[PDB]
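# need a structure here:
(3 chains)
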Amino acid sequence: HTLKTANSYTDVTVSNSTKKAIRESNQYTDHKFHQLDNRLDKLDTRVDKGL
Amino acid sequence: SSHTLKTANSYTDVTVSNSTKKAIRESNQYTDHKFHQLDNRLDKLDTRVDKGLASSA
Amino acid sequence: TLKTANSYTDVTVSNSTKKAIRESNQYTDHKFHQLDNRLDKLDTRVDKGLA
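Residues are numbered from 1 along each chain as shown, chains lettered A, B, ... in the order given. And now the structure:
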């Protein structure tokens, strides 16, 4: 009985799923990081003049 | 089984989809949490700079 | 034995969930850190430019 074919479909689907998750989380992460990059750039410029 | 690879395969698709969404929800929760600690630190540095500034005479 | 295929699915999906979370969370930490090291560098500046 083709548990093998069921199990092997699972493996393929899971591993693409994992991929997807990681990339989607990291793009959210990159977005959040850029938020904060743009604040830090605007503060760093402040300090350089307030100097 | 033969063709109830279809029922197994279709259970695989349903479960994988719910899994992908959960992993993403949890990850992004953890991101927001860490972003927030950084936000809080920038807020208080921003306030410092606004005072360490206004002071002149 | 949909049951045996289905229960291999459950075991594999649940392992891939946590894997995707582990990797996301490490990318997040990595970014955090970059940002922390920028903050500490700016903090120190302000504490001296507080001359």
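# how far off centre is the stretch of helix or strand residue A:19 belongs to?
When elements are assigned from DSSP states H and E, residue A:19 belongs to helix A:3-49. Taking the mean C-alpha point of helix A:3-49 and that of its whole chain, the gap between them comes to 0 Å (CA atoms, centre = their mean, to the nearest Å).
# quickly check: stretch A:44-51 near chain C or not.
Yes - applying CB under 8 Å from any CB of the partner chain, one finds that stretch A:44-51 is in contact with chain C at A:44, A:47, A:50-51. All C-beta atoms are positioned from the backbone trio N, CA, C, and that covers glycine.
# between those residues, which has the most around it?
For those, the largest neighbour count, defined by other CB atoms under 10 Å in any protein chain shown, is 17 neighbours, found at residue A:47.
# next, format the residues of stretch A:44-51 next to chain C as JSON lines and append distance to chain B.
Rendered in JSON lines, the data for the residues of stretch A:44-51 next to chain C read as follows (distance: CB to the nearest CB, whole Å):
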{"residue": "A:44", "distance to chain B": "10"}
{"residue": "A:47", "distance to chain B": "6"}
{"residue": "A:50", "distance to chain B": "5"}
{"residue": "A:51", "distance to chain B": "10"}
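# helices or strands next to the helix holding residue A:19 in the packing?
Other helices and strands packing on helix A:3-49, by 3 or more CB pairs under 8 Å, 6 or more residues apart in numbering or on different chains; DSSP states H and E, are helix B:5-54, helix C:2-48.
# so what's the gap between the shortest one and the chain middle?
Relative to its parent chain, helix C:2-48 has a centroid offset of 1 Å by CA atoms, centre = their mean.
# quick one: residues contacting the closest residue to residue A:37 other than its chain neighbours.
With CB to CB, 6 or more residues apart in numbering or on different chains as the criterion, residue A:37 has its nearest non-adjacent residue at 7.7 Å, and that residue is residue C:35. For residue C:35, the contacting residues are A:33, A:36-37, A:40, B:38, taking CB atoms under 8 Å, 6 or more residues apart in numbering or on different chains as the criterion.
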